[PDB]
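Numbers for residues simply follow the sequence, beginning at 1. Values reported hereafter were calculated over all heavy atoms of this structure, with side chains retained and with hydrogens, waters and symmetry mates removed.
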Amino acid sequence: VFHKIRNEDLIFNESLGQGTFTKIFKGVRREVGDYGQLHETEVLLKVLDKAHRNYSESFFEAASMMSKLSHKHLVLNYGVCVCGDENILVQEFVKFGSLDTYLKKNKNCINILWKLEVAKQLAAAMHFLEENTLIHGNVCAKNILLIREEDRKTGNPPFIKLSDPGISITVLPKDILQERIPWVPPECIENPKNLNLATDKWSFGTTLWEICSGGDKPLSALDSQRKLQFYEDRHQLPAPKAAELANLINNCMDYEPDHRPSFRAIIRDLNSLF
Ligand SMILES: CC(C)CCN1c2nc(Nc3cc(F)c(O)c(F)c3)ncc2N(C)C(=O)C1C
């Protein structure tokens, strides 16, 4: 399952934000690295809420998903912290934070080519999961970490990684799922048991909309019931001003799950864009 990291090797520091029923901190880990060297390693510490330890199993299965596979675009898991009755996941710390908050703060000078490079790296990660038939279940700009910024000095592209999906939507209450529209596909709003490989194709289109919207959350002005109304009326997200990917967003966000393109074809269509 997971490697056990003991209490004394970890130091909890600043709170970075929240996940679903979790608190997230920047931490420091003392470890023996390569060649027996002692390392002070920055880590991420996801602490499942004391009130929500019900979801302890789903909390660790999502991390036991990125752990049993290895890929350059997947966030590394370090293990589980042993202390009290708490549930702590120890994961790779990324300096530049979420793509969600990065697209927002850098919306002014992120051009189409920057969005395209991040879009390909995300599709490449999803293509890797599709070939392994591994359902992620929570693709969004918040679960994406920016490891390297774009270097305009040498034209070096940015680099991203995809973190774990957190507690599965097949287990979360209905108020959270309806709040996650339009990231959760319409067939999962009807029934969370429809979680499938086609779910990640829909959520990829929503993330692709976030990337072209400069941090904007789709359907922010709509509440839960008007998001449920959004799906029943079979509406689609508005075309972003940076519209060179609205056709791919709408094609991925297909109300018929069996018609959403495979991430194979998504990459071809992405690569055929100047
Ligand atoms: C709650 C949100 C925001 C945490 C996002 N997040 C991560 N963030 C960071 N670095 C980070 C850097 C910052 F300068 C910062 O202000 C910040 F908040 C976070 N490293 C690893 C992750 N890993 C693995 C994750 O799964 C997730 C979800």
Checklist entry - Side chain of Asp9, backbone of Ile5: donor and acceptor closer than 3.5 Å? => result no
Checklist entry - Taking all non-hydrogen atoms of both residues, which atom of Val43 and which atom of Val28 are closest, and how far apart? => result CG2-N, 4.0 Å
Item to check | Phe204-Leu273 co-clustered via ILVMFWY side chain contacts under 4.5 Å | outcome: yes
Next on the checklist: Measuring from atom CE of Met65 to atom CG of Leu74, what distance do you get when rounded to the nearest 0.5 angstrom?
Outcome noted: 9.5 Å
Checklist entry - Is it the case that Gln229 and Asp233 place a side-chain donor and acceptor less than 3.5 Å from each other? => result yes
Checklist outcome for this item: Of all heavy-atom pairs linking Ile24 and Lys46, the shortest is CG1-CG, 3.8 Å
Item to check | Side-chain donor or acceptor of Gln121 paired with backbone N/O of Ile160 under 3.5 Å | outcome: yes
Checklist entry - Does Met253 belong to the same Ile/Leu/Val/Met/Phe/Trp/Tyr cluster as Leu195, with side-chain heavy atoms less than 4.5 Å apart forming each link? => result yes
Item to check | 4.5 Å side-chain heavy-atom contact, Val118 and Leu99 | outcome: yes
Checklist entry - So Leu44 and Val90, side-chain contact (heavy atoms from CB on, under 4.5 Å) or not? Walk me through it. => result CA-CA 6 Å; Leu44 188 102; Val90 184; over 6 Å; no
Item to check | Under 3.5 Å: donor-acceptor pair, side chain of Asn196, backbone of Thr199 | outcome: no
Checklist entry - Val80 and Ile88: side-chain contact (heavy atoms from CB on, under 4.5 Å), yes or no, with the steps? => result CA-CA 6 Å; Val80 160; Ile88 304 95; 5.9 Å; no
Item to check | Any side-chain heavy-atom pair of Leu177 and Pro192 under 4.5 Å | outcome: yes
Checklist entry - Does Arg234 reach the side chain of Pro186, with side-chain heavy atoms less than 4.5 Å apart? => result no
Checklist entry - In a check of salt bridge (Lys or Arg N to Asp or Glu O under 4.0 Å) between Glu130 and each of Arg264, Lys201, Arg260, which one passes? => result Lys201
Checklist entry - Counting only N and O atoms by type, is there a donor-acceptor contact under 3.5 Å from the side chain of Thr207 to the main-chain atoms of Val139? => result yes
Next on the checklist: Working to the nearest 0.5 angstrom, can you tell me the gap between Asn106 CG and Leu146 CG?
Outcome noted: 9.0 Å
Item to check | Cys83 backbone acceptor or donor facing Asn7 side chain under 3.5 Å | outcome: no
Checklist entry - Roughly how far apart are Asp269 CG and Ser272 OG, rounded to 0.5 Å? => result 5.0 Å
Checklist entry - Considering only heavy atoms from C-beta outward, does the side chain of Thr22 approach that of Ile167 to under 4.5 Å? => result yes
Checklist entry - Do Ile169 and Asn138 touch side chain to side chain, with heavy atoms closer than 4.5 Å? => result no
Checklist entry - With the 4.5 Å side-chain cut-off for hydrophobic clustering, are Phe128 and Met66 part of the same group? => result yes
Item to check | Test: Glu150 and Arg152 ion pair at under 4.0 Å | outcome: yes
Item to check | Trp202/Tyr231 aromatic ring centres below 6.0 Å | outcome: yes
Next on the checklist: A side-chain contact here means heavy atoms from C-beta on lying under 4.5 Å apart; do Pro218 and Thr206 qualify?
Outcome noted: yes
Item to check | Note, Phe21 side chain near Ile176 side chain (heavy atom, < 4.5 Å) | outcome: yes
Checklist outcome for this item: What one should report as the nearest heavy-atom pair of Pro238 and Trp209 is O-NE1, 2.7 Å
Checklist entry - Can you tell me if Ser64 uses its side chain to pair, donor with acceptor, with the backbone of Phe60 under 3.5 Å? => result no
Next on the checklist: Pair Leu245, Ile211 - check side-chain contact (heavy atoms from CB on, under 4.5 Å), show working.
Outcome noted: CA-CA 10 Å; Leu245 294 122; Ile211 296 171; over 6 Å; no
Next on the checklist: Rounded at 0.5 Å granularity, tell me how far CD in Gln91 sits from CG in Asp164.
Outcome noted: 4.5 Å
Next on the checklist: Would you say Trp114 ends up clustered with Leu162 if hydrophobic residues are merged whenever their side chains have heavy atoms under 4.5 Å apart, either directly or through other cluster members?
Outcome noted: yes
Checklist entry - Atom CG in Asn54, atom CG in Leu48: separation rounded to 0.5 Å? => result 9.5 Å
Next on the checklist: Would you say that more than 12 heavy atoms from the other residues, nucleotides or ligands in this model lie under 6.0 Å from the CZ of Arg53, or not?
Outcome noted: yes
Checklist outcome for this item: All heavy atoms of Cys212 vs all of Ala242, minimum pair found to be CB-O, 3.8 Å
Checklist entry - Does the side chain of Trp183 come under 3.5 Å of the side chain of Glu210 through a donor N or O and an acceptor N or O? => result yes
Checklist entry - Without hydrogens or angle criteria, can the side chains of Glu179 and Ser224 be said to hold a donor-acceptor pair below 3.5 Å? => result no
Next on the checklist: Can you confirm whether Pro158 sits close enough to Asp151 that some side-chain heavy atom of one is under 4.5 Å from a side-chain heavy atom of the other?
Outcome noted: no
Next on the checklist: Under 4.0 Å between a side-chain nitrogen and a carboxylate oxygen: does that hold for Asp216 and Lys104?
Outcome noted: no
Item to check | Greater than 12 external heavy atoms within 6.0 Å of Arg148's CZ | outcome: yes
Checklist entry - Taking atom types as modelled and ignoring hydrogens, do the side chains of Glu149 and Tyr102 form a donor-acceptor contact shorter than 3.5 angstrom? => result yes
Item to check | Heavy-atom closest pair, residues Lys120 and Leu270 | outcome: CE-O, 3.9 Å
Item to check | Audit row: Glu92, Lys161, salt bridge (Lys or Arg N to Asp or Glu O under 4.0 Å) steps and yes/no | outcome: CA-CA 10 Å; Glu92 167 191 15; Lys161 270 193 183 178; 2.8 Å; yes
Checklist entry - CD of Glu57: more than 12 outside heavy atoms within 6.0 angstrom? => result no
Next on the checklist: Main chain of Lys142, side chain of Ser98: is a donor-acceptor contact present, judged purely on distance under 3.5 Å?
Outcome noted: yes
Item to check | Chi angles and distances behind the side-chain contact (heavy atoms from CB on, under 4.5 Å) call for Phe159, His73 | outcome: CA-CA 8 Å; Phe159 201 95; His73 286 311; 3.4 Å; yes
Next on the checklist: For a quick check under 3.5 Å, do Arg180 and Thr20 share a side-chain donor-acceptor pair by atom type?
Outcome noted: yes
Next on the checklist: Looking only at the aromatic ring of each residue, does the gap between the centers of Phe59 and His52 stay below 6.0 angstrom?
Outcome noted: no
Next on the checklist: Hydrophobic clusters here meaning ILVMFWY residues chained together by side-chain heavy-atom distances under 4.5 Å, can you tell me if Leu116 and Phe274 are in one?
Outcome noted: yes
Item to check | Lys115 bridged to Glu244 by N-O distance under 4.0 Å | outcome: no
Checklist entry - With distance as the sole test, does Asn132 use its side chain to make a donor-acceptor pair with the main-chain N or O of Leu134 at under 3.5 Å? => result no
Checklist entry - Any idea which heavy atoms bring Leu145 and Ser163 closest together, and the distance? => result CD2-CB, 3.8 Å
Item to check | Side-chain donor/acceptor of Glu31 to backbone N/O of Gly33, under 3.5 Å | outcome: no
Checklist outcome for this item: d(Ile147 CD1, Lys72 NZ) to nearest 0.5 Å is 11.5 Å
Checklist entry - Any chance CD of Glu14 has more than 12 other-residue heavy atoms, nucleotides or ligands included, within less than 6.0 Å? => result yes
Checklist entry - Would a distance-only check, ignoring hydrogens and angles, find a side-chain to backbone donor-acceptor pair under 3.5 Å from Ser58 to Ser168? => result yes
Next on the checklist: Aromatic contact between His127 and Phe263, with the criterion being ring centroids under 6.0 Å apart: yes or no?
Outcome noted: no
